[PDB]
Each structure stands twice: as structure tokens, then as C-alpha cells.
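Undergrad: Contents are PDB, N, CA, C and O atoms and all ligand atoms; file name model.pdb:
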```pdb
ATOM      1  N   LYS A1002     -30.642   6.324  91.425
ATOM      2  CA  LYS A1002     -30.226   5.464  92.540
ATOM      3  C   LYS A1002     -28.748   5.757  92.847
ATOM      4  O   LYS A1002     -27.999   6.172  91.991
ATOM      5  N   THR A1003     -28.357   5.507  94.087
ATOM      6  CA  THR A1003     -26.933   5.516  94.419
ATOM      7  C   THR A1003     -26.315   4.207  93.994
ATOM      8  O   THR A1003     -26.964   3.222  93.689
ATOM      9  N   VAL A1004     -24.966   4.182  93.997
ATOM     10  CA  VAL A1004     -24.261   2.937  93.647
ATOM     11  C   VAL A1004     -24.620   1.850  94.637
ATOM     12  O   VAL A1004     -24.800   0.711  94.264
ATOM     13  N   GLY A1005     -24.736   2.189  95.923
ATOM     14  CA  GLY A1005     -25.037   1.158  96.914
ATOM     15  C   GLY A1005     -26.421   0.597  96.717
ATOM     16  O   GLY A1005     -26.682  -0.610  96.877
ATOM     17  N   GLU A1006     -27.396   1.363  96.336
ATOM     18  CA  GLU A1006     -28.740   0.950  96.025
ATOM     19  C   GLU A1006     -28.754   0.117  94.772
ATOM     20  O   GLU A1006     -29.508  -0.875  94.694
ATOM     21  N   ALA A1007     -27.949   0.480  93.773
ATOM     22  CA  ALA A1007     -27.871  -0.347  92.558
ATOM     23  C   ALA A1007     -27.379  -1.738  92.909
ATOM     24  O   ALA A1007     -27.894  -2.759  92.447
ATOM     25  N   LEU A1008     -26.294  -1.813  93.697
ATOM     26  CA  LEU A1008     -25.717  -3.090  94.090
ATOM     27  C   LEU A1008     -26.684  -3.918  94.928
ATOM     28  O   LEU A1008     -26.925  -5.088  94.660
ATOM     29  N   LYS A1009     -27.233  -3.289  95.952
ATOM     30  CA  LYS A1009     -28.183  -3.984  96.861
ATOM     31  C   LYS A1009     -29.388  -4.477  96.093
ATOM     32  O   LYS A1009     -29.874  -5.575  96.342
ATOM     33  N   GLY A1010     -29.932  -3.657  95.204
ATOM     34  CA  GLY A1010     -31.074  -4.032  94.435
ATOM     35  C   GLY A1010     -30.801  -5.304  93.664
ATOM     36  O   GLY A1010     -31.615  -6.247  93.584
ATOM     37  N   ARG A1011     -29.646  -5.376  92.988
ATOM     38  CA  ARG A1011     -29.258  -6.540  92.263
ATOM     39  C   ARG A1011     -29.094  -7.761  93.167
ATOM     40  O   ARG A1011     -29.569  -8.852  92.832
ATOM     41  N   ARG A1012     -28.442  -7.585  94.303
ATOM     42  CA  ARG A1012     -28.296  -8.660  95.265
ATOM     43  C   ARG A1012     -29.676  -9.209  95.653
ATOM     44  O   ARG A1012     -29.870 -10.422  95.698
ATOM     45  N   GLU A1013     -30.621  -8.304  95.892
ATOM     46  CA  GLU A1013     -31.948  -8.723  96.349
ATOM     47  C   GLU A1013     -32.668  -9.416  95.202
ATOM     48  O   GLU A1013     -33.328 -10.427  95.471
ATOM     49  N   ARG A1014     -32.561  -8.916  93.987
ATOM     50  CA  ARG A1014     -33.181  -9.611  92.822
ATOM     51  C   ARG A1014     -32.625 -10.988  92.593
ATOM     52  O   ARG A1014     -33.392 -11.863  92.149
ATOM     53  N   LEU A1015     -31.383 -11.246  92.954
ATOM     54  CA  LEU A1015     -30.767 -12.559  92.858
ATOM     55  C   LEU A1015     -31.189 -13.434  94.037
ATOM     56  O   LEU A1015     -30.841 -14.633  94.019
ATOM     57  N   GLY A1016     -31.863 -12.872  95.047
ATOM     58  CA  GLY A1016     -32.192 -13.617  96.240
ATOM     59  C   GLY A1016     -30.968 -13.960  97.059
ATOM     60  O   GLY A1016     -30.996 -14.860  97.866
ATOM     61  N   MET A1017     -29.869 -13.227  96.893
ATOM     62  CA  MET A1017     -28.621 -13.483  97.565
ATOM     63  C   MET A1017     -28.560 -12.773  98.918
ATOM     64  O   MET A1017     -28.814 -11.610  99.047
ATOM     65  N   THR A1018     -28.175 -13.550  99.940
ATOM     66  CA  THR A1018     -28.037 -12.927 101.282
ATOM     67  C   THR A1018     -26.649 -12.274 101.402
ATOM     68  O   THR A1018     -25.724 -12.529 100.636
ATOM     69  N   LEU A1019     -26.538 -11.391 102.389
ATOM     70  CA  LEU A1019     -25.251 -10.805 102.772
ATOM     71  C   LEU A1019     -24.244 -11.862 103.146
ATOM     72  O   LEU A1019     -23.089 -11.740 102.825
ATOM     73  N   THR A1020     -24.744 -12.922 103.820
ATOM     74  CA  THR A1020     -23.811 -13.995 104.151
ATOM     75  C   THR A1020     -23.144 -14.634 102.959
ATOM     76  O   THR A1020     -21.959 -14.882 102.846
ATOM     77  N   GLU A1021     -23.842 -14.976 101.944
ATOM     78  CA  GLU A1021     -23.486 -15.480 100.664
ATOM     79  C   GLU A1021     -22.546 -14.480  99.963
ATOM     80  O   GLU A1021     -21.517 -14.883  99.457
ATOM     81  N   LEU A1022     -22.914 -13.198  99.968
ATOM     82  CA  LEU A1022     -22.045 -12.233  99.295
ATOM     83  C   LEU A1022     -20.712 -12.101  99.986
ATOM     84  O   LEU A1022     -19.686 -11.953  99.316
ATOM     85  N   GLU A1023     -20.697 -12.175 101.311
ATOM     86  CA  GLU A1023     -19.395 -12.172 102.017
ATOM     87  C   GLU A1023     -18.566 -13.371 101.627
ATOM     88  O   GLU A1023     -17.348 -13.248 101.402
ATOM     89  N   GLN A1024     -19.187 -14.527 101.521
ATOM     90  CA  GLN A1024     -18.498 -15.711 101.074
ATOM     91  C   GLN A1024     -17.916 -15.525  99.690
ATOM     92  O   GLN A1024     -16.778 -15.987  99.467
ATOM     93  N   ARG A1025     -18.669 -14.992  98.764
ATOM     94  CA  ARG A1025     -18.257 -14.884  97.350
ATOM     95  C   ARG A1025     -17.235 -13.773  97.142
ATOM     96  O   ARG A1025     -16.421 -13.882  96.210
ATOM     97  N   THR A1026     -17.292 -12.713  97.919
ATOM     98  CA  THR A1026     -16.435 -11.551  97.678
ATOM     99  C   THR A1026     -15.219 -11.556  98.558
ATOM    100  O   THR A1026     -14.218 -10.888  98.284
ATOM    101  N   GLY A1027     -15.309 -12.218  99.722
ATOM    102  CA  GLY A1027     -14.309 -12.082 100.749
ATOM    103  C   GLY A1027     -14.276 -10.813 101.534
ATOM    104  O   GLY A1027     -13.397 -10.524 102.353
ATOM    105  N   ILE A1028     -15.132  -9.884 101.457
ATOM    106  CA  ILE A1028     -15.475  -8.642 102.057
ATOM    107  C   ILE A1028     -16.457  -8.947 103.207
ATOM    108  O   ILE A1028     -17.525  -9.501 103.071
ATOM    109  N   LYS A1029     -16.093  -8.443 104.383
ATOM    110  CA  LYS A1029     -16.911  -8.676 105.566
ATOM    111  C   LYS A1029     -18.251  -7.988 105.422
ATOM    112  O   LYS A1029     -18.378  -6.884 104.870
ATOM    113  N   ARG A1030     -19.287  -8.613 105.990
ATOM    114  CA  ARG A1030     -20.663  -8.121 105.869
ATOM    115  C   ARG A1030     -20.777  -6.686 106.329
ATOM    116  O   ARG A1030     -21.533  -5.944 105.729
ATOM    117  N   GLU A1031     -20.083  -6.298 107.398
ATOM    118  CA  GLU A1031     -20.157  -4.905 107.846
ATOM    119  C   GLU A1031     -19.836  -3.965 106.716
ATOM    120  O   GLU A1031     -20.471  -2.919 106.539
ATOM    121  N   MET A1032     -18.778  -4.275 105.979
ATOM    122  CA  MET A1032     -18.314  -3.419 104.915
ATOM    123  C   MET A1032     -19.235  -3.472 103.711
ATOM    124  O   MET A1032     -19.468  -2.456 103.067
ATOM    125  N   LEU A1033     -19.788  -4.654 103.405
ATOM    126  CA  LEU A1033     -20.792  -4.748 102.351
ATOM    127  C   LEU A1033     -21.990  -3.854 102.676
ATOM    128  O   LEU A1033     -22.502  -3.176 101.774
ATOM    129  N   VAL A1034     -22.474  -3.862 103.907
ATOM    130  CA  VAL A1034     -23.588  -2.988 104.289
ATOM    131  C   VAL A1034     -23.209  -1.558 104.185
ATOM    132  O   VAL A1034     -23.978  -0.718 103.725
ATOM    133  N   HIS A1035     -21.965  -1.196 104.620
ATOM    134  CA  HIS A1035     -21.525   0.192 104.403
ATOM    135  C   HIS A1035     -21.574   0.558 102.920
ATOM    136  O   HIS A1035     -22.090   1.642 102.580
ATOM    137  N   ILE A1036     -21.101  -0.312 102.046
ATOM    138  CA  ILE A1036     -21.185   0.035 100.609
ATOM    139  C   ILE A1036     -22.611   0.193 100.151
ATOM    140  O   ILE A1036     -22.929   1.124  99.415
ATOM    141  N   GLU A1037     -23.523  -0.701 100.583
ATOM    142  CA  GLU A1037     -24.918  -0.639 100.134
ATOM    143  C   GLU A1037     -25.566   0.684 100.549
ATOM    144  O   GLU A1037     -26.507   1.119  99.909
ATOM    145  N   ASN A1038     -25.054   1.248 101.651
ATOM    146  CA  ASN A1038     -25.582   2.485 102.205
ATOM    147  C   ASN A1038     -24.740   3.698 101.845
ATOM    148  O   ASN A1038     -24.983   4.800 102.389
ATOM    149  N   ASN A1039     -23.783   3.562 100.936
ATOM    150  CA  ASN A1039     -22.901   4.681 100.536
ATOM    151  C   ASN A1039     -22.150   5.265 101.736
ATOM    152  O   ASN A1039     -21.756   6.432 101.735
ATOM    153  N   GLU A1040     -21.882   4.441 102.742
ATOM    154  CA  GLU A1040     -21.178   4.849 103.951
ATOM    155  C   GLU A1040     -19.685   4.666 103.797
ATOM    156  O   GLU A1040     -19.003   3.971 104.576
ATOM    157  N   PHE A1041     -19.107   5.278 102.762
ATOM    158  CA  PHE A1041     -17.698   5.015 102.449
ATOM    159  C   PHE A1041     -16.748   5.522 103.522
ATOM    160  O   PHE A1041     -15.663   4.952 103.712
ATOM    161  N   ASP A1042     -17.153   6.576 104.243
ATOM    162  CA  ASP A1042     -16.295   7.067 105.324
ATOM    163  C   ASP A1042     -16.274   6.119 106.530
ATOM    164  O   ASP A1042     -15.476   6.346 107.441
ATOM    165  N   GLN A1043     -17.098   5.092 106.531
ATOM    166  CA  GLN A1043     -17.077   4.094 107.594
ATOM    167  C   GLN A1043     -16.205   2.891 107.204
ATOM    168  O   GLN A1043     -16.061   1.959 108.010
ATOM    169  N   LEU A1044     -15.599   2.887 106.026
ATOM    170  CA  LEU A1044     -14.631   1.867 105.691
ATOM    171  C   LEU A1044     -13.305   2.198 106.377
ATOM    172  O   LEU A1044     -12.862   3.346 106.312
ATOM    173  N   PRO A1045     -12.628   1.233 106.976
ATOM    174  CA  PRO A1045     -11.329   1.552 107.597
ATOM    175  C   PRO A1045     -10.341   2.181 106.630
ATOM    176  O   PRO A1045      -9.609   3.089 107.031
ATOM    177  N   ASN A1046     -10.307   1.688 105.394
ATOM    178  CA  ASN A1046      -9.489   2.279 104.348
ATOM    179  C   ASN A1046     -10.400   2.660 103.207
ATOM    180  O   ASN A1046     -10.798   1.819 102.389
ATOM    181  N   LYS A1047     -10.786   3.934 103.156
ATOM    182  CA  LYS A1047     -11.705   4.437 102.155
ATOM    183  C   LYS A1047     -11.151   4.320 100.769
ATOM    184  O   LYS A1047     -11.886   4.316  99.775
ATOM    185  N   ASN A1048      -9.808   4.231 100.633
ATOM    186  CA  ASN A1048      -9.211   4.030  99.331
ATOM    187  C   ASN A1048      -9.653   2.756  98.639
ATOM    188  O   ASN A1048      -9.539   2.656  97.411
ATOM    189  N   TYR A1049     -10.120   1.793  99.426
ATOM    190  CA  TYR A1049     -10.610   0.500  98.905
ATOM    191  C   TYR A1049     -12.036   0.557  98.396
ATOM    192  O   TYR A1049     -12.545  -0.454  97.957
ATOM    193  N   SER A1050     -12.683   1.728  98.494
ATOM    194  CA  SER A1050     -14.097   1.811  98.088
ATOM    195  C   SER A1050     -14.335   1.259  96.701
ATOM    196  O   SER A1050     -15.249   0.429  96.490
ATOM    197  N   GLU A1051     -13.576   1.734  95.726
ATOM    198  CA  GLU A1051     -13.768   1.246  94.359
ATOM    199  C   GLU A1051     -13.512  -0.229  94.250
ATOM    200  O   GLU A1051     -14.279  -0.950  93.596
ATOM    201  N   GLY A1052     -12.410  -0.722  94.860
ATOM    202  CA  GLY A1052     -12.135  -2.132  94.766
ATOM    203  C   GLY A1052     -13.223  -2.997  95.395
ATOM    204  O   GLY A1052     -13.511  -4.089  94.862
ATOM    205  N   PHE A1053     -13.802  -2.558  96.479
ATOM    206  CA  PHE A1053     -14.929  -3.291  97.079
ATOM    207  C   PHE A1053     -16.132  -3.295  96.142
ATOM    208  O   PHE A1053     -16.794  -4.333  95.959
ATOM    209  N   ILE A1054     -16.474  -2.125  95.597
ATOM    210  CA  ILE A1054     -17.583  -2.046  94.631
ATOM    211  C   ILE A1054     -17.327  -2.978  93.466
ATOM    212  O   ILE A1054     -18.239  -3.653  92.996
ATOM    213  N   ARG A1055     -16.111  -2.988  92.957
ATOM    214  CA  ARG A1055     -15.745  -3.823  91.816
ATOM    215  C   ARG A1055     -15.945  -5.308  92.109
ATOM    216  O   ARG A1055     -16.492  -6.046  91.277
ATOM    217  N   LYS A1056     -15.508  -5.751  93.281
ATOM    218  CA  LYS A1056     -15.652  -7.160  93.600
ATOM    219  C   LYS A1056     -17.118  -7.524  93.776
ATOM    220  O   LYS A1056     -17.568  -8.574  93.316
ATOM    221  N   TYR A1057     -17.880  -6.676  94.479
ATOM    222  CA  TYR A1057     -19.320  -6.873  94.622
ATOM    223  C   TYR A1057     -19.953  -6.998  93.247
ATOM    224  O   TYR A1057     -20.668  -7.967  92.935
ATOM    225  N   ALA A1058     -19.742  -5.970  92.416
ATOM    226  CA  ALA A1058     -20.339  -5.928  91.077
ATOM    227  C   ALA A1058     -20.035  -7.193  90.312
ATOM    228  O   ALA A1058     -20.886  -7.797  89.665
ATOM    229  N   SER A1059     -18.766  -7.617  90.323
ATOM    230  CA  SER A1059     -18.401  -8.789  89.529
ATOM    231  C   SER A1059     -19.131 -10.015  90.013
ATOM    232  O   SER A1059     -19.630 -10.813  89.201
ATOM    233  N   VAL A1060     -19.292 -10.225  91.333
ATOM    234  CA  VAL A1060     -20.014 -11.372  91.836
ATOM    235  C   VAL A1060     -21.475 -11.383  91.411
ATOM    236  O   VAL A1060     -22.046 -12.469  91.168
ATOM    237  N   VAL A1061     -22.099 -10.235  91.312
ATOM    238  CA  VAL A1061     -23.487 -10.132  90.984
ATOM    239  C   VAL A1061     -23.731  -9.793  89.495
ATOM    240  O   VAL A1061     -24.834  -9.435  89.092
ATOM    241  N   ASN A1062     -22.712  -9.900  88.648
ATOM    242  CA  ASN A1062     -22.775  -9.706  87.189
ATOM    243  C   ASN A1062     -23.394  -8.352  86.821
ATOM    244  O   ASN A1062     -24.278  -8.104  85.981
ATOM    245  N   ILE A1063     -22.734  -7.381  87.473
ATOM    246  CA  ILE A1063     -22.798  -6.022  87.031
ATOM    247  C   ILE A1063     -21.421  -5.632  86.503
ATOM    248  O   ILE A1063     -20.431  -5.782  87.217
ATOM    249  N   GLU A1064     -21.344  -5.121  85.266
ATOM    250  CA  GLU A1064     -20.074  -4.699  84.695
ATOM    251  C   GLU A1064     -19.515  -3.554  85.570
ATOM    252  O   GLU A1064     -20.160  -2.506  85.676
ATOM    253  N   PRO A1065     -18.332  -3.720  86.131
ATOM    254  CA  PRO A1065     -17.918  -2.731  87.156
ATOM    255  C   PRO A1065     -17.507  -1.395  86.636
ATOM    256  O   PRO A1065     -17.827  -0.383  87.265
ATOM    257  N   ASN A1066     -16.723  -1.312  85.562
ATOM    258  CA  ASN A1066     -16.220  -0.018  85.149
ATOM    259  C   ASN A1066     -17.346   0.966  84.820
ATOM    260  O   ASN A1066     -17.269   2.135  85.173
ATOM    261  N   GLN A1067     -18.369   0.481  84.129
ATOM    262  CA  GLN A1067     -19.403   1.448  83.736
ATOM    263  C   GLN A1067     -20.310   1.760  84.920
ATOM    264  O   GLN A1067     -20.837   2.845  84.980
ATOM    265  N   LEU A1068     -20.482   0.850  85.914
ATOM    266  CA  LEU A1068     -21.189   1.208  87.155
ATOM    267  C   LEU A1068     -20.439   2.310  87.871
ATOM    268  O   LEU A1068     -21.040   3.306  88.302
ATOM    269  N   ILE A1069     -19.137   2.123  88.051
ATOM    270  CA  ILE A1069     -18.303   3.111  88.743
ATOM    271  C   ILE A1069     -18.375   4.459  88.026
ATOM    272  O   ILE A1069     -18.550   5.500  88.645
ATOM    273  N   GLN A1070     -18.254   4.425  86.691
ATOM    274  CA  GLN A1070     -18.329   5.650  85.896
ATOM    275  C   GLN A1070     -19.670   6.373  86.076
ATOM    276  O   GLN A1070     -19.714   7.572  86.162
ATOM    277  N   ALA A1071     -20.762   5.620  86.141
ATOM    278  CA  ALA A1071     -22.091   6.226  86.274
ATOM    279  C   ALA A1071     -22.300   6.843  87.654
ATOM    280  O   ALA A1071     -23.243   7.594  87.860
ATOM    281  N   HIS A1072     -21.515   6.466  88.627
ATOM    282  CA  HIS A1072     -21.663   6.898  89.986
ATOM    283  C   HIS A1072     -20.394   7.548  90.546
ATOM    284  O   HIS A1072     -20.230   7.629  91.767
ATOM    285  N   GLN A1073     -19.535   7.990  89.674
ATOM    286  CA  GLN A1073     -18.167   8.366  90.086
ATOM    287  C   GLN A1073     -18.177   9.480  91.103
ATOM    288  O   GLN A1073     -17.294   9.515  91.954
ATOM    289  N   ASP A1074     -19.131  10.425  91.049
ATOM    290  CA  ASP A1074     -19.115  11.520  92.010
ATOM    291  C   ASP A1074     -19.464  11.074  93.413
ATOM    292  O   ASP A1074     -19.190  11.803  94.375
ATOM    293  N   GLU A1075     -20.076   9.889  93.585
ATOM    294  CA  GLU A1075     -20.395   9.327  94.864
ATOM    295  C   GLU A1075     -19.199   8.582  95.496
ATOM    296  O   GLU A1075     -19.144   8.413  96.707
ATOM    297  N   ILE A1076     -18.338   8.049  94.638
ATOM    298  CA  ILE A1076     -17.380   7.047  95.034
ATOM    299  C   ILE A1076     -16.049   7.688  95.302
ATOM    300  O   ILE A1076     -15.488   8.346  94.409
ATOM    301  N   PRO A1077     -15.464   7.518  96.483
ATOM    302  CA  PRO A1077     -14.108   8.055  96.723
ATOM    303  C   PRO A1077     -13.115   7.284  95.870
ATOM    304  O   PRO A1077     -12.959   6.090  96.076
ATOM    305  N   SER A1078     -12.443   7.961  94.964
ATOM    306  CA  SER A1078     -11.358   7.337  94.233
ATOM    307  C   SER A1078     -10.164   7.108  95.160
ATOM    308  O   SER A1078      -9.973   7.737  96.173
ATOM    309  N   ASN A1079      -9.310   6.203  94.739
ATOM    310  CA  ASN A1079      -8.102   5.786  95.457
ATOM    311  C   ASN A1079      -7.124   6.945  95.487
ATOM    312  O   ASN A1079      -6.593   7.359  94.464
ATOM    313  N   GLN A1080      -6.869   7.476  96.681
ATOM    314  CA  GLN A1080      -6.014   8.653  96.898
ATOM    315  C   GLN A1080      -4.575   8.268  97.083
ATOM    316  O   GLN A1080      -3.874   8.721  98.008
ATOM    317  N   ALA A1081      -4.041   7.529  96.080
ATOM    318  CA  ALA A1081      -2.667   6.982  96.141
ATOM    319  C   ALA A1081      -1.681   7.983  95.611
ATOM    320  O   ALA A1081      -1.062   7.862  94.566
ATOM    321  N   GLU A1082      -1.524   9.062  96.372
ATOM    322  CA  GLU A1082      -0.816  10.207  95.874
ATOM    323  C   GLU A1082       0.686  10.070  96.056
ATOM    324  O   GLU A1082       1.464  10.433  95.164
ATOM    325  N   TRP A1083       1.102   9.620  97.238
ATOM    326  CA  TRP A1083       2.528   9.578  97.594
ATOM    327  C   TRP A1083       2.926   8.153  97.898
ATOM    328  O   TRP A1083       2.364   7.637  98.871
TER     329      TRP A1083
HETATM  330 ZN    ZN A1101     -18.455  -0.076 110.296
END
```
Go ahead and render the structure in this file as C-alpha cells.

TA:
Amino acid sequence: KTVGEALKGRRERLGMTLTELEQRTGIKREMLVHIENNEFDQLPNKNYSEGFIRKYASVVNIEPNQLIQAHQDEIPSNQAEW
């Protein structure tokens, strides 16, 4: 599975709507759907990809670091170079 499928799957098993997840995470539904679909290039700031995944994961009781590690080649890391 992709990271977005892992997250969405968990959300659906919890019976949690996107509306609820936006409330709990503070991440707008558009961006939550982009994450669920691995559409990281559609985030205004792609550097936030990991942080968005982390907040999602924490709300749905997925341990974030090991999720990120298992999917690291999918996830744009924070390009905080300069
Ligand atoms: Zn968009």
C-alpha cells in the first residue's frame, strides 16, 4: 500500500469522515485528500508533506515515525537546505 492508502484505510476503519479529520488535525480537507492520494506535488508547500502525514497519523493512532520510514521513498522530505 502507499502511505496515503495506509492512512485512508485507517480513517475508514475508524468510521471517521474527512470533516472530522480536518477538525482534529487542522489540515484542510483538500490537503488531506491529496495526502490520501499521494498527491504531494499538489500541496502548496510540499515541504510540509511529512508534517501533514505525522499529524494525520497521530490523530488516527498510527505511530508516525515508523509509518514514514516504511514509506520514505514515496514521501518528499523537507528540503530545508538554505
Ligand atoms: Zn489541491

Undergrad: Near residue 1050 in chain A, within 7 Å and counting all atoms listed in the file, which residues show up once chain neighbours fewer than 2 positions away are dropped, as a ChimeraX atom specification?

TA: /A:1041,1046-1048,1052-1056,1076-1079

Undergrad: Between A:1020, A:1013, A:1059, A:1005, which is the closest to residue 1035 in chain A once you count only N, CA, C and O atoms?

TA: A:1005

Undergrad: At a cut-off of 7 Å around ligand ZN 1101 (chain A), and using only C-alpha atoms and all ligand atoms, what residues come up? Please write them as a PyMOL selection string.

TA: chain A and resi 1031-1032+1035+1043-1044

Undergrad: Using backbone DSSP assignments, extract all helix (DSSP H, G or I) residues from range 1006-1074 of chain A; output them as a PyMOL selection string.

TA: chain A and resi 1006-1014+1019-1026+1030-1037+1041-1043+1047-1060+1065-1071

Undergrad: Closest to residue 1062 in chain A among A:1036, A:1007, A:1049, A:1083, using only C-alpha atoms?

TA: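 Nearest candidate to residue 1062 in chain A out of A:1036, A:1007, A:1049, A:1083: A:1007.
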